[PDB]
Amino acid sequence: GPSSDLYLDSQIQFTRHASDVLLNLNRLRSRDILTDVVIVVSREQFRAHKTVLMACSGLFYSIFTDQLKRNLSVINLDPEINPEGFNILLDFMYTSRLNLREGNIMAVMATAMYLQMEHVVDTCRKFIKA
């Protein structure tokens, strides 16, 4: 017969897999697919996936593992939280990109502090003093 051309334990590591997954999670969010919570920030609403929120935020991790809030599909944040800052951080969670337009750094940093996202807070501290 023809040559089989077959090579007579391996681990194949897909170096862009995690970024491909996160992109698809953001595509699901954009189409409102399998979103299971709405975050209410003053007059503004943000639909998301609990698992992404708790993967990124200490606050949301505590909320979504709190037995008392197990049934909740609506989460109201403290009224002092700025919805524009929240939107920036939500976009970061789903994209790896933190958008810092002129003058927004303190609002973003304060939002990250409330969400208990300490590595983002640390990056903001470095940013603001440079």
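A residue's number is simply how far along the shown sequence it sits, counting from 1.
> For the step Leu8 to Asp9, what size class fits the number of deposited residues with no coordinates, none, 1 to 3, 4 to 9, or 10 or more?
Count of unmodelled residues in between: 4 to 9.
> Averaging only over Cα atoms, indicate whether 44-52 or 80-88 has the higher B-factor in the PDB entry.
Higher mean C-alpha B-factor: 80-88.
> Using only C-alpha atoms and the B-factors in the entry, which stretch averages higher, 19-27 or 115-123?
It is 115-123 that shows the higher mean C-alpha B-factor.
> I'd like to know which of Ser96, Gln67, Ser62, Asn99 has the highest C-alpha temperature factor in the PDB entry.
Among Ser96, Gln67, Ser62, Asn99, the PDB entry lists the largest C-alpha B-factor for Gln67.
> Using the B-factors in the PDB entry, rank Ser57's C-alpha atom against the chain and give the third, lowest, middle or highest.
Lowest third.
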